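Here's run.cif, which has mmCIF, C-alpha atoms and all ligand atoms:
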data_coords
#
loop_
_atom_site.group_PDB
_atom_site.id
_atom_site.type_symbol
_atom_site.label_atom_id
_atom_site.label_comp_id
_atom_site.auth_asym_id
_atom_site.auth_seq_id
_atom_site.Cartn_x
_atom_site.Cartn_y
_atom_site.Cartn_z
ATOM 1 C CA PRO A 1 21.684 7.834 -2.110
ATOM 2 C CA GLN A 2 19.692 9.035 0.878
ATOM 3 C CA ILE A 3 16.033 9.785 0.109
ATOM 4 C CA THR A 4 13.985 11.782 2.638
ATOM 5 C CA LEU A 5 10.211 11.354 3.038
ATOM 6 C CA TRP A 6 9.092 14.984 2.961
ATOM 7 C CA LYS A 7 7.708 14.106 -0.495
ATOM 8 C CA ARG A 8 6.680 10.806 -2.150
ATOM 9 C CA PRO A 9 9.889 8.854 -2.775
ATOM 10 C CA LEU A 10 9.589 8.706 -6.575
ATOM 11 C CA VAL A 11 12.508 7.497 -8.654
ATOM 12 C CA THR A 12 13.269 6.584 -12.229
ATOM 13 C CA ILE A 13 12.919 2.979 -13.290
ATOM 14 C CA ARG A 14 13.694 1.385 -16.636
ATOM 15 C CA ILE A 15 12.201 -1.885 -17.824
ATOM 16 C CA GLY A 16 12.799 -3.218 -21.316
ATOM 17 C CA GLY A 17 13.462 0.299 -22.601
ATOM 18 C CA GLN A 18 10.329 1.806 -21.062
ATOM 19 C CA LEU A 19 11.235 4.611 -18.670
ATOM 20 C CA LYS A 20 8.796 5.106 -15.807
ATOM 21 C CA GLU A 21 8.440 6.796 -12.448
ATOM 22 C CA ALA A 22 7.966 4.553 -9.411
ATOM 23 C CA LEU A 23 7.337 4.894 -5.655
ATOM 24 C CA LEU A 24 9.827 3.227 -3.300
ATOM 25 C CA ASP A 25 7.323 1.455 -1.055
ATOM 26 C CA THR A 26 8.608 -0.365 2.036
ATOM 27 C CA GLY A 27 5.024 -1.300 2.938
ATOM 28 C CA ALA A 28 4.507 -3.313 -0.251
ATOM 29 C CA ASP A 29 5.563 -6.973 -0.197
ATOM 30 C CA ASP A 30 5.663 -7.049 -3.978
ATOM 31 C CA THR A 31 6.268 -4.677 -6.861
ATOM 32 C CA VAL A 32 3.123 -3.582 -8.674
ATOM 33 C CA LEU A 33 3.443 -1.869 -12.018
ATOM 34 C CA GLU A 34 0.917 0.003 -14.133
ATOM 35 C CA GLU A 35 -0.429 -1.770 -17.165
ATOM 36 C CA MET A 36 2.306 -2.910 -19.552
ATOM 37 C CA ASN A 37 3.138 -5.775 -21.893
ATOM 38 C CA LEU A 38 5.928 -7.908 -20.512
ATOM 39 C CA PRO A 39 7.326 -11.002 -22.216
ATOM 40 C CA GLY A 40 6.785 -14.500 -20.864
ATOM 41 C CA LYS A 41 4.189 -16.529 -19.022
ATOM 42 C CA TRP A 42 2.110 -14.820 -16.337
ATOM 43 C CA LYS A 43 -0.383 -16.142 -13.799
ATOM 44 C CA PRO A 44 -3.213 -14.293 -12.058
ATOM 45 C CA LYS A 45 -2.717 -13.165 -8.466
ATOM 46 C CA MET A 46 -4.697 -11.122 -5.949
ATOM 47 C CA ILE A 47 -2.989 -8.432 -3.903
ATOM 48 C CA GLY A 48 -4.557 -6.561 -0.990
ATOM 49 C CA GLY A 49 -4.513 -2.848 -0.221
ATOM 50 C CA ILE A 50 -6.401 -0.403 1.960
ATOM 51 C CA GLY A 51 -9.570 -0.644 -0.189
ATOM 52 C CA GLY A 52 -9.563 -4.384 -0.807
ATOM 53 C CA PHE A 53 -7.913 -6.511 -3.464
ATOM 54 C CA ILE A 54 -6.976 -6.064 -7.087
ATOM 55 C CA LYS A 55 -6.191 -8.774 -9.590
ATOM 56 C CA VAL A 56 -2.764 -8.567 -11.185
ATOM 57 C CA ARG A 57 -0.600 -10.558 -13.583
ATOM 58 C CA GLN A 58 2.494 -12.055 -11.965
ATOM 59 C CA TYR A 59 5.638 -12.131 -14.149
ATOM 60 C CA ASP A 60 8.846 -13.696 -12.796
ATOM 61 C CA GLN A 61 12.537 -12.803 -13.325
ATOM 62 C CA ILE A 62 11.891 -9.412 -14.944
ATOM 63 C CA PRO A 63 14.890 -7.050 -15.082
ATOM 64 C CA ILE A 64 14.194 -3.534 -13.790
ATOM 65 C CA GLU A 65 16.833 -0.818 -13.418
ATOM 66 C CA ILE A 66 16.132 1.369 -10.372
ATOM 67 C CA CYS A 67 18.358 4.458 -9.983
ATOM 68 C CA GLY A 68 21.096 2.687 -11.898
ATOM 69 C CA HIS A 69 20.783 -0.443 -9.740
ATOM 70 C CA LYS A 70 19.967 -3.696 -11.545
ATOM 71 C CA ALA A 71 17.132 -5.722 -10.066
ATOM 72 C CA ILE A 72 15.574 -8.895 -11.432
ATOM 73 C CA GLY A 73 12.521 -10.474 -9.948
ATOM 74 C CA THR A 74 8.801 -10.733 -9.705
ATOM 75 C CA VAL A 75 6.677 -7.957 -11.100
ATOM 76 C CA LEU A 76 2.904 -7.775 -10.719
ATOM 77 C CA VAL A 77 1.036 -5.880 -13.443
ATOM 78 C CA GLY A 78 -2.401 -4.452 -12.822
ATOM 79 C CA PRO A 79 -4.637 -1.398 -12.469
ATOM 80 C CA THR A 80 -2.507 0.915 -10.341
ATOM 81 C CA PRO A 81 -2.172 4.693 -10.929
ATOM 82 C CA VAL A 82 1.355 4.491 -9.490
ATOM 83 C CA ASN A 83 4.212 2.059 -10.092
ATOM 84 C CA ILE A 84 5.252 0.761 -6.685
ATOM 85 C CA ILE A 85 8.616 -0.791 -5.953
ATOM 86 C CA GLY A 86 8.163 -3.331 -3.179
ATOM 87 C CA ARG A 87 10.437 -5.182 -0.768
ATOM 88 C CA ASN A 88 11.163 -7.980 -3.231
ATOM 89 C CA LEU A 89 13.158 -5.481 -5.328
ATOM 90 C CA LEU A 90 14.039 -2.941 -2.632
ATOM 91 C CA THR A 91 16.111 -5.606 -0.876
ATOM 92 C CA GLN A 92 17.993 -6.434 -4.101
ATOM 93 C CA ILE A 93 19.233 -2.848 -4.475
ATOM 94 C CA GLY A 94 20.236 -2.762 -0.795
ATOM 95 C CA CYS A 95 17.581 -0.306 0.353
ATOM 96 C CA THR A 96 17.199 0.243 4.110
ATOM 97 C CA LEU A 97 15.094 2.430 6.353
ATOM 98 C CA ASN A 98 17.117 4.517 8.790
ATOM 99 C CA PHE A 99 16.244 6.574 11.854
ATOM 100 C CA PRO B 1 17.901 1.641 14.050
ATOM 101 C CA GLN B 2 18.633 0.533 10.507
ATOM 102 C CA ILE B 3 15.956 -1.799 9.222
ATOM 103 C CA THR B 4 16.415 -4.093 6.251
ATOM 104 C CA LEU B 5 13.492 -5.206 4.113
ATOM 105 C CA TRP B 6 13.882 -9.004 3.876
ATOM 106 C CA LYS B 7 10.947 -9.034 6.289
ATOM 107 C CA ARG B 8 8.066 -6.634 6.703
ATOM 108 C CA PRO B 9 9.247 -3.530 8.604
ATOM 109 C CA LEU B 10 6.865 -4.103 11.498
ATOM 110 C CA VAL B 11 7.735 -2.256 14.712
ATOM 111 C CA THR B 12 5.988 -1.707 18.008
ATOM 112 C CA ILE B 13 4.166 1.600 18.470
ATOM 113 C CA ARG B 14 2.658 3.017 21.628
ATOM 114 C CA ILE B 15 -0.509 5.040 21.432
ATOM 115 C CA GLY B 16 -2.794 5.973 24.329
ATOM 116 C CA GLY B 17 -0.794 3.546 26.435
ATOM 117 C CA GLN B 18 -1.698 0.741 24.024
ATOM 118 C CA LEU B 19 1.022 -1.335 22.347
ATOM 119 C CA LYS B 20 0.476 -2.260 18.711
ATOM 120 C CA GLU B 21 2.464 -3.482 15.717
ATOM 121 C CA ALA B 22 2.569 -1.270 12.662
ATOM 122 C CA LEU B 23 4.256 -1.251 9.295
ATOM 123 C CA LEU B 24 6.809 1.449 8.379
ATOM 124 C CA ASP B 25 5.494 2.381 4.927
ATOM 125 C CA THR B 26 7.189 4.924 2.709
ATOM 126 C CA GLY B 27 4.455 4.372 0.116
ATOM 127 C CA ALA B 28 1.744 5.811 2.377
ATOM 128 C CA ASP B 29 1.358 9.601 2.713
ATOM 129 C CA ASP B 30 -0.797 9.098 5.791
ATOM 130 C CA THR B 31 -0.868 6.977 8.922
ATOM 131 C CA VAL B 32 -3.803 4.531 9.080
ATOM 132 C CA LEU B 33 -4.520 2.336 12.120
ATOM 133 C CA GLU B 34 -7.113 -0.416 12.649
ATOM 134 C CA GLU B 35 -10.298 0.357 14.537
ATOM 135 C CA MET B 36 -9.649 1.822 17.992
ATOM 136 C CA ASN B 37 -11.043 4.486 20.294
ATOM 137 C CA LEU B 38 -8.932 7.623 20.549
ATOM 138 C CA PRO B 39 -10.037 10.629 22.638
ATOM 139 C CA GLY B 40 -10.964 14.059 21.296
ATOM 140 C CA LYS B 41 -12.861 15.272 18.257
ATOM 141 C CA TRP B 42 -12.539 13.404 14.997
ATOM 142 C CA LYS B 43 -13.562 14.327 11.480
ATOM 143 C CA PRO B 44 -15.039 11.827 9.025
ATOM 144 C CA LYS B 45 -12.670 11.423 6.088
ATOM 145 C CA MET B 46 -12.635 9.349 2.911
ATOM 146 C CA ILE B 47 -9.329 8.021 1.574
ATOM 147 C CA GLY B 48 -8.588 6.105 -1.621
ATOM 148 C CA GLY B 49 -6.171 3.333 -2.440
ATOM 149 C CA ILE B 50 -5.504 0.082 -4.262
ATOM 150 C CA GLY B 51 -8.861 -1.646 -3.873
ATOM 151 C CA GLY B 52 -10.894 1.553 -3.540
ATOM 152 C CA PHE B 53 -12.120 4.367 -1.273
ATOM 153 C CA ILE B 54 -12.702 3.790 2.469
ATOM 154 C CA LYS B 55 -14.200 5.836 5.272
ATOM 155 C CA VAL B 56 -11.883 6.653 8.131
ATOM 156 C CA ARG B 57 -11.962 8.823 11.227
ATOM 157 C CA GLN B 58 -9.320 11.539 11.336
ATOM 158 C CA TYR B 59 -7.694 12.352 14.666
ATOM 159 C CA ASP B 60 -5.321 15.317 14.727
ATOM 160 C CA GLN B 61 -2.349 16.011 17.031
ATOM 161 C CA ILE B 62 -2.116 12.518 18.504
ATOM 162 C CA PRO B 63 1.041 11.506 20.352
ATOM 163 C CA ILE B 64 2.517 8.263 19.095
ATOM 164 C CA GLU B 65 5.793 6.619 20.020
ATOM 165 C CA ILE B 66 7.321 4.645 17.165
ATOM 166 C CA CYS B 67 10.106 2.242 18.063
ATOM 167 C CA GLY B 68 11.019 4.623 20.925
ATOM 168 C CA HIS B 69 10.804 7.791 18.786
ATOM 169 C CA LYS B 70 8.113 10.380 19.660
ATOM 170 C CA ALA B 71 5.699 11.835 17.093
ATOM 171 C CA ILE B 72 2.594 14.014 17.448
ATOM 172 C CA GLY B 73 0.475 14.021 14.321
ATOM 173 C CA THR B 74 -2.589 13.029 12.325
ATOM 174 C CA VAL B 75 -3.809 9.445 12.702
ATOM 175 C CA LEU B 76 -6.543 7.949 10.512
ATOM 176 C CA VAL B 77 -8.573 5.100 12.081
ATOM 177 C CA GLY B 78 -10.427 2.660 9.852
ATOM 178 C CA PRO B 79 -10.524 -0.737 8.088
ATOM 179 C CA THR B 80 -6.942 -1.336 6.919
ATOM 180 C CA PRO B 81 -5.270 -4.678 6.175
ATOM 181 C CA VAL B 82 -2.494 -3.634 8.589
ATOM 182 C CA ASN B 83 -1.557 -0.714 10.857
ATOM 183 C CA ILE B 84 0.361 1.724 8.624
ATOM 184 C CA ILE B 85 2.885 4.357 9.656
ATOM 185 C CA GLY B 86 3.023 6.807 6.769
ATOM 186 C CA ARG B 87 5.264 9.670 5.739
ATOM 187 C CA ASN B 88 3.515 12.260 7.916
ATOM 188 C CA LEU B 89 4.964 10.505 10.995
ATOM 189 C CA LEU B 90 8.033 8.920 9.398
ATOM 190 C CA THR B 91 9.373 12.391 8.731
ATOM 191 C CA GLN B 92 8.759 13.313 12.364
ATOM 192 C CA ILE B 93 10.993 10.481 13.594
ATOM 193 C CA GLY B 94 13.826 11.256 11.137
ATOM 194 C CA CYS B 95 13.234 8.250 8.913
ATOM 195 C CA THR B 96 14.959 8.122 5.518
ATOM 196 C CA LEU B 97 15.549 5.543 2.803
ATOM 197 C CA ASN B 98 19.138 4.680 1.903
ATOM 198 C CA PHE B 99 20.876 2.484 -0.638
HETATM 199 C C1 LIG A 101 -0.469 -10.874 -0.422
HETATM 200 O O1 LIG A 101 0.040 -9.952 0.540
HETATM 201 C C2 LIG A 101 -0.434 -8.580 0.561
HETATM 202 O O2 LIG A 101 -1.585 -8.319 0.238
HETATM 203 N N1 LIG A 101 0.390 -7.615 0.942
HETATM 204 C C3 LIG A 101 -0.063 -6.240 0.951
HETATM 205 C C4 LIG A 101 0.721 -5.483 -0.103
HETATM 206 O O3 LIG A 101 1.932 -5.654 -0.171
HETATM 207 N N2 LIG A 101 -0.003 -4.656 -0.860
HETATM 208 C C5 LIG A 101 0.574 -3.798 -1.891
HETATM 209 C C6 LIG A 101 -0.412 -2.660 -2.143
HETATM 210 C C7 LIG A 101 0.175 -1.252 -2.004
HETATM 211 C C8 LIG A 101 0.461 -0.869 -0.570
HETATM 212 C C9 LIG A 101 0.040 0.546 -0.145
HETATM 213 C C10 LIG A 101 1.296 1.363 0.145
HETATM 214 O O4 LIG A 101 2.267 0.550 0.858
HETATM 215 N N3 LIG A 101 -0.905 1.175 -1.080
HETATM 216 C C11 LIG A 101 -0.532 2.485 -1.635
HETATM 217 C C12 LIG A 101 0.203 2.358 -2.960
HETATM 218 C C13 LIG A 101 -0.657 1.622 -3.980
HETATM 219 C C14 LIG A 101 0.492 3.757 -3.491
HETATM 220 S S1 LIG A 101 -2.394 1.304 -0.456
HETATM 221 O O5 LIG A 101 -2.717 0.154 0.336
HETATM 222 O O6 LIG A 101 -3.270 1.374 -1.581
HETATM 223 C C15 LIG A 101 -2.555 2.646 0.437
HETATM 224 C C16 LIG A 101 -3.267 3.772 0.005
HETATM 225 C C17 LIG A 101 -3.374 4.918 0.807
HETATM 226 C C18 LIG A 101 -2.754 4.970 2.059
HETATM 227 C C19 LIG A 101 -2.814 6.180 3.004
HETATM 228 N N4 LIG A 101 -3.407 7.362 2.401
HETATM 229 C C20 LIG A 101 -2.058 3.850 2.489
HETATM 230 C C21 LIG A 101 -1.967 2.712 1.698
HETATM 231 C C22 LIG A 101 0.297 -5.652 2.314
HETATM 232 C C23 LIG A 101 -0.165 -4.204 2.448
HETATM 233 C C24 LIG A 101 0.782 -3.201 2.592
HETATM 234 C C25 LIG A 101 0.390 -1.883 2.789
HETATM 235 C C26 LIG A 101 -0.958 -1.568 2.822
HETATM 236 C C27 LIG A 101 -1.912 -2.561 2.674
HETATM 237 C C28 LIG A 101 -1.517 -3.878 2.501
HETATM 238 C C29 LIG A 101 -0.336 -6.412 3.481
HETATM 239 C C30 LIG A 101 -1.608 -6.978 3.381
HETATM 240 C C31 LIG A 101 -2.178 -7.620 4.471
HETATM 241 C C32 LIG A 101 -1.463 -7.710 5.660
HETATM 242 C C33 LIG A 101 -0.196 -7.141 5.765
HETATM 243 C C34 LIG A 101 0.365 -6.482 4.683
#
Output the file's structure in the form of structure tokens.
Amino acid sequence: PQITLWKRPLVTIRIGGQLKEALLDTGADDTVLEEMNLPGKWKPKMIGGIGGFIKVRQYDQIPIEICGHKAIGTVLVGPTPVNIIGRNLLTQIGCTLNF
Amino acid sequence: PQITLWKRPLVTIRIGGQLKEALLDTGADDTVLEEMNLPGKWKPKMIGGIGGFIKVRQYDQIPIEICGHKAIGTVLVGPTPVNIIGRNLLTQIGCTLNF
């Protein structure tokens, strides 16, 4: 797929049977998801943005389907209005920027 | 170019004859650069993000050369963790996401 940037690059993601909308976000190092229960141990982390930092829960080796592509990796859960798919998962599905 | 995401997509930009590094960020609607003096009128603006709401200065119709590609568009100047090239300029330079 080619996705233009005229609009926010939102796509469908599935994680453990929850279906959500997420932003493909080449700026983000990590993937930050809206509040959700995930299985397994988590540890606190702090992630920075334009306004400062938010505290998130880091979960490792979480499977997320993104546009039919299987990804498995680190997911940070915290108070975001938008699910963001970061480089850690964007790389796994073979996502590039092109111009 | 085609740019993979195993590293941050940092490129060199040229603005007002100044060279800077900035992040190609599909998750940002807007372009936000660290504090700098640009010529011409600016408008105070407040923008929100992860962390919170910050004050920025909005400069319209600013030429910026991104990795050799010319844009002329709105640049926000304020306290950002990193210089951010957002969709408003990414679209100008023909940037798309592909997987
Ligand atoms: C531990 O390492 C980090 O903190 N890395 C930072 C990081 O990956 N942060 C993830 C936060 C989300 C990033 C960003 C979009 O890319 N956020 C938007 C998203 C939540 C919808 S955002 O920062 O909140 C944001 C909001 C609004 C605009 C313009 N209107 C631009 C940016 C990253 C970064 C990336 C983009 C913006 C701000 C920070 C970084 C931090 C410090 C230095 C370099 C990169």
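Separating CA of residue 98 (chain B) from CA of residue 96 (chain A) is a distance of 5.3 Å.
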Which residues are near residue 91 (chain A)? Cut-off 9 Å, only C-alpha atoms, ignore same chain within fewer than 6 positions. Put them as an MDAnalysis selection string. chainID B and resid 4:6
Set the distance at 10 Å and use all atoms listed in the file: which residues neighbour residue 48 (chain A) once local chain neighbours fewer than 5 positions away are removed? I'd like the list as a list in words. residues 28, 53, 54 and 55 of chain A; 50, 51, 80 and 81 of chain B
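Nearest residue to residue 66 (chain A) among A:1, A:44, A:27, A:79 is A:1, counting all atoms listed in the file.
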Starting from the displayed file, determine the output of the PyMOL selection byres (((chain B and resi 77) around 6) and not hetatm) and express the residue list as a VMD selection string. chain B and resid 32 to 35 56 to 57 76 78
Chain A in the frame of chain B after Cα least-squares fit, as a short mmCIF file (atom, residue, chain, number, x, y, z; two decimals) with C-alpha atoms, keeping the file's coordinate frame:
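File superposed06.cif, as written:
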data_model
loop_
_atom_site.label_atom_id
_atom_site.label_comp_id
_atom_site.auth_asym_id
_atom_site.auth_seq_id
_atom_site.Cartn_x
_atom_site.Cartn_y
_atom_site.Cartn_z
CA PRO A 1 18.29 1.75 13.50
CA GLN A 2 18.63 0.35 10.00
CA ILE A 3 15.67 -1.77 8.87
CA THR A 4 16.06 -3.99 5.79
CA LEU A 5 13.12 -4.91 3.52
CA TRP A 6 13.60 -8.67 3.26
CA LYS A 7 10.50 -8.85 5.49
CA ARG A 8 7.62 -6.42 6.19
CA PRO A 9 9.09 -3.55 8.22
CA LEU A 10 6.96 -4.07 11.34
CA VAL A 11 7.78 -2.20 14.52
CA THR A 12 6.29 -1.59 17.93
CA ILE A 13 4.11 1.45 18.44
CA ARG A 14 2.49 2.72 21.62
CA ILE A 15 -0.52 5.02 21.69
CA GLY A 16 -2.25 5.96 24.92
CA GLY A 17 -1.00 2.78 26.58
CA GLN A 18 -2.14 0.48 23.77
CA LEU A 19 0.81 -1.44 22.34
CA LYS A 20 0.47 -2.37 18.68
CA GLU A 21 2.47 -3.57 15.71
CA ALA A 22 2.71 -1.24 12.71
CA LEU A 23 4.17 -1.24 9.17
CA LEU A 24 6.63 1.53 8.29
CA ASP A 25 5.07 2.58 4.98
CA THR A 26 6.87 5.16 2.85
CA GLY A 27 4.14 4.86 0.21
CA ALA A 28 1.41 6.07 2.58
CA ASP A 29 0.86 9.83 2.83
CA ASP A 30 -0.92 9.39 6.14
CA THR A 31 -0.94 7.01 9.08
CA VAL A 32 -3.86 4.60 9.13
CA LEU A 33 -4.58 2.66 12.28
CA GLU A 34 -6.87 -0.28 12.96
CA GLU A 35 -10.08 0.43 14.79
CA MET A 36 -9.52 2.13 18.15
CA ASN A 37 -11.10 4.73 20.41
CA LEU A 38 -9.06 7.91 20.48
CA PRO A 39 -9.98 11.02 22.46
CA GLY A 40 -11.09 14.24 20.80
CA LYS A 41 -13.02 15.43 17.78
CA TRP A 42 -12.69 13.49 14.53
CA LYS A 43 -13.93 14.17 11.00
CA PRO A 44 -14.60 11.69 8.20
CA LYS A 45 -12.03 11.35 5.42
CA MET A 46 -11.58 9.11 2.38
CA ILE A 47 -8.22 7.54 1.64
CA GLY A 48 -7.32 5.67 -1.54
CA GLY A 49 -5.48 2.38 -1.95
CA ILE A 50 -4.97 -0.25 -4.62
CA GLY A 51 -8.59 -1.48 -4.37
CA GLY A 52 -10.32 1.88 -4.07
CA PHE A 53 -11.13 4.05 -1.08
CA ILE A 54 -11.98 3.46 2.54
CA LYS A 55 -13.62 5.88 4.92
CA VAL A 56 -11.62 6.70 8.03
CA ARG A 57 -11.85 8.98 11.06
CA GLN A 58 -9.21 11.71 11.12
CA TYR A 59 -7.83 12.60 14.58
CA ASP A 60 -5.25 15.40 14.92
CA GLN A 61 -2.27 15.84 17.29
CA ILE A 62 -2.26 12.25 18.57
CA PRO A 63 0.94 11.14 20.35
CA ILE A 64 2.37 7.84 19.10
CA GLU A 65 5.67 6.34 20.28
CA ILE A 66 7.44 4.51 17.43
CA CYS A 67 10.56 2.53 18.41
CA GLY A 68 11.10 4.88 21.32
CA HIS A 69 10.70 7.96 19.11
CA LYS A 70 7.93 10.40 20.05
CA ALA A 71 5.64 11.45 17.23
CA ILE A 72 2.54 13.61 17.42
CA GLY A 73 0.25 14.17 14.51
CA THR A 74 -2.65 13.10 12.42
CA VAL A 75 -3.93 9.57 12.73
CA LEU A 76 -6.64 8.09 10.52
CA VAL A 77 -8.70 5.28 12.05
CA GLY A 78 -10.55 2.81 9.88
CA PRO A 79 -10.96 -0.76 8.65
CA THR A 80 -7.37 -1.82 8.03
CA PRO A 81 -5.94 -5.26 8.94
CA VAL A 82 -2.55 -3.59 9.46
CA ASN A 83 -1.53 -0.40 11.26
CA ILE A 84 0.44 1.66 8.76
CA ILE A 85 2.84 4.41 9.72
CA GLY A 86 2.86 6.99 6.94
CA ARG A 87 5.10 9.86 5.88
CA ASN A 88 3.40 12.35 8.19
CA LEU A 89 4.91 10.47 11.16
CA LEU A 90 7.89 8.83 9.44
CA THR A 91 9.34 12.29 8.79
CA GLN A 92 8.94 13.27 12.47
CA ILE A 93 11.11 10.36 13.64
CA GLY A 94 13.72 11.18 10.97
CA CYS A 95 13.13 8.12 8.80
CA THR A 96 14.86 8.01 5.41
CA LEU A 97 15.14 5.56 2.55
CA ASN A 98 18.71 4.72 1.60
CA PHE A 99 20.30 2.94 -1.36
#
Minimum-distance residue to ligand LIG 101 (chain A), chosen among B:92, B:12, B:58, B:2 (using all atoms listed in the file): B:58
Among B:18, B:88, B:26, B:74, ligand LIG 101 (chain A) is approached most closely, using all atoms listed in the file, by B:26
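Across A:90, A:71, A:38, A:46, the tightest approach to residue 17 (chain A) is made by A:38 when counting all atoms listed in the file.
Remark: for chain A, the closest of the candidate residues B:13, B:85, B:97, B:75 is B:97 (distances computed over only C-alpha atoms).
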Residue nearest chain B - candidates A:16, A:94, A:39, A:73, atoms counted: all atoms listed in the file: A:94
Report the centre and edge lengths, in Å to one decimal, of an axis-aligned box enclosing every atom of region 5-19 of chain A listed in the file, padded by 8 Å on each side, as AutoDock Vina command-line options.
--center_x 10.2 --center_y 5.9 --center_z -9.8 --size_x 23.0 --size_y 34.2 --size_z 41.6
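The spacing separating CA of residue 8 (chain B) from CA of residue 37 (chain A) amounts to 29.0 Å.
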Name the residues within 6 Å of (13.1, 5.0, -1.0), counting all atoms listed in the file in the file's coordinates, and put them as an NGL selection string. (:A and (3 or 9 or 24)) or (:B and (97))
For the PyMOL selection byres (((chain A and resi 11) around 6) and not hetatm), applied here, can you spell out every residue it catches as a PyMOL selection string? chain A and resi 10+12+21-22
